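Two forms of the same protein chain are encoded below as structure tokens; each is given separately, as structure 1 and structure 2.
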Structure 1
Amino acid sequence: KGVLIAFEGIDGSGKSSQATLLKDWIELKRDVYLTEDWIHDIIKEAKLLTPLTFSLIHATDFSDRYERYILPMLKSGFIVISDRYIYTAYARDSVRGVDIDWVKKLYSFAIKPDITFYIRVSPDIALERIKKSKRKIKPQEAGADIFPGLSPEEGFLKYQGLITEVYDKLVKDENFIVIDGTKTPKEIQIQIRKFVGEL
């Protein structure tokens, strides 16, 4: 009865918007919940911390939300949508040198999603879209902790390029439902609503 739906994609993929668009629409049919913080003070108090410790910090926060929101609502048959799930950690942590199989074991208390949508779009195209909207490129998005002194536009191409690599390597094993993010937001959402329409 409980169903877990996850979205993954690089920054700029529109995956958060797709996740919220799907919530609003599923709410018409049945019980759904969207994953919605001290991490603030920790990062702010650093100033370094190793990537290992960073991986633990994010896993601690993930465990908290998982056992206090995600898992209980699944037990009450909510659909739960999460627009980042453990695969985001797999990528975030392993591009910074942490043994991905170690990260997988770390997160092995979490269940596999019934569906995972990989909204796949290249970094080139993600950037030109961020630029057409005139938004500012967050340092986290540029991977500036790994590439200081690249511009923000080129960090984004490099870091999100490394992140894409990891997502592509997980596609087979993790049964990602690969979606073409070059399509428009409407075309993407309608295809997502159609896929979810099935299970």
Structure 2
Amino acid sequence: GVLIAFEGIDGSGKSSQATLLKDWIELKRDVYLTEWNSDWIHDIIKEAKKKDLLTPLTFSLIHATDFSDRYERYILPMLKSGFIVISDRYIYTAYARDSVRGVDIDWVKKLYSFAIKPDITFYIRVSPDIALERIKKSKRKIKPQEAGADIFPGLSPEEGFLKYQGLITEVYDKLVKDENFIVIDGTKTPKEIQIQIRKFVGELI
């Protein structure tokens, strides 16, 4: 059982490369792909608390709660069954998104220590500037979570994305050495990068 994690700023190419790589493993091996889509516990609590301003701390516990249920209901059982699990975003998303709002990152690390470290974590390194260009063409609505609208209320969605995804990057780069991140340069072509992905993974043998 091997767990491979993708992380990087939003619009950095995470899911697009995650789905092409699940199309590759699926021909040869058991593979299961997950995104942080969050799940039902985040939905209940957010709706119940739509009126109040909750603290980053409480937001942090809500996401970890919802992740803990996916982790022990799907992720961990499939790694016990031998599957490869591809996580489109893993616990290092929570490290950044909650530590950037003043939650003690070492407390977040302890919070998530119930989770196995990925066999490999692909850090797709892309500038916020270059990555913002792609969501403009995709016709997507720019979610407030993506712009850090809670932290940057005065800015426009566009302007908030640039500043928020920047501090996200600093936390990611801070994790590179301690977390054995492998940094992939997301500047490149989807396929060009994709063949870098398939080489690194294959090494497992």
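Residue numbering: structure 1 sequence, from 1. C-alpha atoms forming the largest set that superposes within 1.5 Å between two forms make up the rigid core.
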With both forms of the chain shown on their own, indicate which is the form deposited without adenosine-5'-diphosphate (ADP). 1
The residue to pick from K172, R30, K132, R68, given a Cα shift of 2 Å or more between the two structures after core fitting, is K132
After fitting the rigid core, is the C-alpha of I146 off by 2 Å or more between the two structures? no
Quick check: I42 between the two structures - does its CA shift reach 2 Å or more after fitting the rigid core? yes
Per-residue C-alpha deviation between the two structures [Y90; rigid core superposition; Å]: 0.2
After lining up the core, report the Cα displacement of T20 between the two structures in Å, one decimal place. 1.2
